[PDB]
């Protein structure tokens, strides 16, 4: 038995959750139970908290989606068959260079893209406030809010900070499955191959290192689940043989190890550094460095 999938599922009364300082009135009702999810993790769905901040986020989030959707339908001539066969090719592009950073572009020529960007902007930031408040209400640390910012930073640099510094909305990323891929490829070409950007190399190290570390940590915990290893919080407050054997497997293997609490610090930084470094690399492209190959030749 490898404990990848449970052998026997067990169920009881729905869990409504800790109360602490949260406004119980904004908590929805419990959802249905999924036997399917039950084989891998918990079977219980819901309840979900839905305050005003969350309602605002969901609303503008849907509006962002809607805006993109309507342009795609127009590009499809309102024909469902065409909409589905060309779904990955449609693309909501930003204002042409001539428009600079103005909001004067006509709807079908960048205006829809700006509207779409406004909705996404609010959706994302309000959701960020939410991750902070739901943590505050339970008296927990703000580690989830902080980590979320690292991801937000790459997103912000790509569609807002860099375009503004370049002085043109045309520098931002369009909304499309294949179009945003073409944009990414083009971005590298235009700046002299990003493999020469030191920050792109670090970002890759961390993207690789995250899969390396999680494969490591995930397999470790499961390897000591026979000692209740996944109950990490208690193993932190009162170390058990699980935490000891896990630390020793690594010490005997590579010369050093972590603790039940410390490993999660290595984890949060490995991931966070991915978009933190990536953001810097992109922010420097086109504003300070036009060609990383050339830049590299002088360094």
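Positions refer to the first chain, counted from 1.
J.: Going by the mean C-alpha B-factor recorded in the entry, which is higher: 183 to 191 or 81 to 89?
T.: The stretch with the larger average C-alpha B-factor is 81 to 89.
J.: Mean C-alpha B factor from the entry: is it higher for 263 to 271 or for 30 to 38?
T.: Here the higher of the two C-alpha B-factor means belongs to 30 to 38.
J.: Determine, from the deposited record, the chain-internal third of the Cα B-factor for residue 130: lowest, middle or highest.
T.: Ranked within chain, residue 130 CA B lands in the middle tercile.
J.: Taking the entry's C-alpha B-factors for this chain, is residue 170 in the lowest, middle or highest third?
T.: Its C-alpha B-factor belongs to the middle third of this chain's values.
J.: Select lowest, middle or highest to describe the third in which the CA B-factor of residue 70 falls within its chain in this entry.
T.: Answer is highest: the recorded C-alpha B-factor places it there.
J.: Can you work out whether the C-alpha temperature factor of residue 58 puts it in the lowest, middle or highest third of the chain?
T.: Its C-alpha B-factor, which the entry lists for residue 58, ranks in the highest third among residues of this chain.
J.: Would you mind checking where the Cα B-factor of residue 201 ranks among the modelled residues of its chain, as the lowest, middle or highest third?
T.: It falls in the bottom third of the chain.
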